[PDB]
Amino acid sequence: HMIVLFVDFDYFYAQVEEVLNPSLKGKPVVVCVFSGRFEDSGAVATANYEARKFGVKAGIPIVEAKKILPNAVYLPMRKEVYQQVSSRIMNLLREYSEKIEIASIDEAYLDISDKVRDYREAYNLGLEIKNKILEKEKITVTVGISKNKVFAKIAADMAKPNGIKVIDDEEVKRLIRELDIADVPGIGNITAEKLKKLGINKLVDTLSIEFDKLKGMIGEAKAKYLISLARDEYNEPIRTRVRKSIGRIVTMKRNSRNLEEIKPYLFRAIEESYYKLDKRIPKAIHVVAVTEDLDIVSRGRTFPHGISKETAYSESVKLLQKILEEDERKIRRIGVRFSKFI
DNA sequence: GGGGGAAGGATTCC
DNA sequence: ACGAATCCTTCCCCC
Ligand SMILES: Nc1nc2c(ncn2[C@H]2C[C@H](O)[C@@H](COP(=O)(O)OP(=O)(O)OP(=O)(O)O)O2)c(=O)[nH]1
Ligand SMILES: [Ca+2]
Ligand SMILES: [Ca+2]
Ligand SMILES: [Ca+2]
């Protein structure tokens with residue numbers, strides 16, 4: 001009887017760019033992450049639907065994008081801006097419920113149980129929220145409504161873009177039998193592939209398997225998550241999430257193993273990681289390396305007290321040395337991550 | 001046998 | 001090809 005309302009902003013980064021420069025609307029827009037290795041080295045962060053019609057979507061190389069749509073509008077990612085627009089929209093949402101879970105820069109779950117009853121009122125509260133967000137910030141979003149967070153999210157995926165949908169108890173039961181298990185949040189290609197070999201292509205299929213076999217192949221946590229959803233029993237509460245890590249990682253002009261060559265990038269990473277820390281003081285620091293073969297290796301250390309920036313600098317070099325020493329590959333990307341805030 | 005935690009990697013998804 | 005959360009496996013120290 002928990003009634004959950006999930007909000008997911010439409011093609012967010014690109015839409016914010018449109019809002020900030022309305023002449024862009026209707027034109028294919030592609031927000032890019034430029035790495036600096038060469039001409040258009042980098043990847044697409046996201047694109048509006050005009051561009052997605054033709055295959056230009058999040059994750060593909062900018063070069064592949066331009067081959068497909070050479071006359072599209074290509075803009076560099078401005079996350080700070082998108083984050084501030086997001087914050088304002090999240091504030092508007094806090095008005096519809098006091099129980100809100102900001103899941104990311106562009107999604108939030110609202111528990112509107114003691115805010116309205118039955119789904120009709122749920123649906124209407126959705127249009128109000130959509131309209132309110134469209135009128136106030138001029139951003140279109142998709143609303144998903146169901147009994148728990150997972151199905152509210154699924155409802156939204158099904159109604160994208162600029163939609164609103166309700167998945168009532170009856171359809172839930174149908175989806176537990178009908179839904180491709182790969183479409184269940186938290187299930188990626190890796191877990192999807194493991195679930196197939198076990199003969200699980202639908203949530204329901206997880207109940208026809210030996211738990212220890214499931215647990216054995218995908219882990220205890222994931223196993224209980226899926227079984228729980230198949231039993232129409234998943235029911236996680238909507239809570240306030242708090243930042244737990246702040247980091248930065250940059251691509252070097254060229255790959256390397258030379259310490260003095262990597263340092264400047266690593267220190268640049270820490271500088272910006274600290275400015276983002278605000279007043280937050282971390283007890284743990286990790287140096288993260290992305291190797292030439294796009295592998296991710298890391299070495300860290302937790303201290304029994306906070307880490308001053310001079311300490312972070314000194315410790316980061318020691319961890320980068322551990323990496324170079326323990327890993328033979330050249331380093332492509334280097335950065336740092338601070339956590340366990342006092 | 002287990003609690004309790006740190007450490008490095010795996011997997012997922014804004 | 002360009003940030004952050006959770007869980008898993010392995011160690012480790014210890015009662
Ligand atoms: N840098 C980078 N940013 C991403 C990536 N994927 C998503 N983002 C950022 C930008 C997206 O606009 C934002 C929201 O992600 P979504 O998966 O919901 O996609 P978007 O909202 O763009 O499209 P949508 O209408 O929800 O299908 O998160 C990525 O692969 N790299
Ligand atoms: Ca979205
Ligand atoms: Ca999203
Ligand atoms: Ca999937």
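Just the heavy atoms: all of them, side chains too, but no hydrogens, waters or symmetry mates, feed the values below. Residue numbering restarts at 1 for every chain, and letters A, B, ... go by the order of the sequence lines.
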Next on the checklist: Between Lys115(A) and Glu98(A), does any side-chain N to carboxylate O distance fall below 4.0 Å?
Outcome noted: no
Checklist entry - Looking at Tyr49(A), does the NZ or CZ of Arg52(A) lie under 6.0 angstrom from its six-membered ring centre and within 45 degrees of the ring axis? => result yes
Going by atom type alone, with no hydrogens or angles, which donor-acceptor pairs under 3.5 Å involve a side-chain atom of residues 334-342 of chain A and a protein atom two or more places apart or on another chain?
residue, atom, partner, partner atom, Å
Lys340(A), NZ, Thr302(A), OG1, 3.0

Checklist outcome for this item: Under a 4.0 Å heavy-atom cutoff, the residues of residues 29-40 of chain A touching DNA chain C are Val33(A), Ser35(A), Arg37(A)
Give each protein N/O atom lying under 3.5 Å from an N/O atom of nucleotides 2-6 of chain B, with the pair distance.
residue, atom, partner, partner atom, Å
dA6(B), OP2, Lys340(A), NZ, 3.3

Item to check | Letter per nucleotide, 5' to 3', of nucleotides 4-12 of chain C [B base touched, S only sugar-phosphate touched, - untouched; heavy atoms, 4.0 Å] | outcome: SSSSS----
Checklist outcome for this item: The complete set of salt bridge (charged side-chain N to carboxylate O under 4.0 Å, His left out) pairs with one or both residues in residues 283-308 of chain A, sequence neighbours excluded, reads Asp293(A)-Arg329(A), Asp295(A)-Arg329(A), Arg299(A)-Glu326(A), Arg301(A)-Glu315(A)
Checklist entry - Under 4.0 angstrom, heavy atoms only, what part of the nucleic acid is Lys283(A) near: base, sugar-phosphate, or nothing? => result nothing
Checklist entry - Does the side-chain contact (heavy atoms from CB on, under 4.5 Å) test come out yes or no for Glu236(A) and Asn148(A), once each step is laid out? => result CA-CA 7 Å; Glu236(A) 291 309 293; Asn148(A) 62 53; over 6 Å; no
Item to check | Touch class at under 4.0 angstrom, heavy-atom based, for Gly335(A) against every strand present | outcome: nothing
Next on the checklist: Tell me which pairs pass ring pair (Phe, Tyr, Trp, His ring centres under 6.0 Å) where either residue lies in residues 91-118 of chain A, with sequence neighbours left out.
Outcome noted: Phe6(A)-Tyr109(A)
Item to check | Stretch residues 185-199 of chain A: residues that reach within less than 4.0 Å of DNA chain B through a heavy atom | outcome: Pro185(A), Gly186(A), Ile187(A), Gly188(A), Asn189(A), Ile190(A), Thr191(A), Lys194(A)
Expected list for residues 208-215 of chain A: side-chain donor-acceptor pairs under 3.5 angstrom, two or more places apart:
residue, atom, partner, partner atom, Å
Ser208(A), OG, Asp205(A), O, 3.0
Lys215(A), NZ, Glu220(A), OE1, 3.3
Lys215(A), NZ, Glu220(A), OE2, 2.5

Quiz: residues 240-251 of chain A side-chain donor-acceptor pairs under 3.5 angstrom, not counting sequence neighbours:
residue, atom, partner, partner atom, Å
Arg241(A), NE, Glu101(A), OE2, 2.6
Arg241(A), NH1, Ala103(A), O, 3.1
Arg241(A), NH2, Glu101(A), OE2, 2.7
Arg248(A), NE, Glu272(A), OE1, 3.1

Checklist entry - Using a cut-off of 4.0 Å on non-hydrogen atoms, how would the nucleic acid contact of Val63(A) be classed: base, sugar-phosphate, or nothing? => result nothing
Checklist entry - Between the axis at one end of the helix from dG1(B)-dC15(C) to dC13(B)-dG3(C) and the axis at the other (five pairs apiece), what's the angle to 10 degrees? => result 20°
Distance-only donor-acceptor pairs under 3.5 Å for side chains of residues 180-199 of chain A, two or more places apart:
residue, atom, partner, partner atom, Å
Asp180(A), OD1, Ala182(A), N, 3.3
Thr191(A), OG1, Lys222(A), NZ, 2.8

Checklist outcome for this item: With sequence neighbours left out, the residues meeting side-chain contact (heavy atoms from CB on, under 4.5 Å) with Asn71(A) are none
Checklist entry - Does a donor on one side chain and an acceptor on the other come within less than 3.5 Å for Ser314(A) and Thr311(A)? => result no
Next on the checklist: Can you confirm whether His305(A) is buried at NE2, in the sense that more than 12 heavy atoms of other residues, nucleotides or ligands lie under 6.0 Å from that atom?
Outcome noted: yes
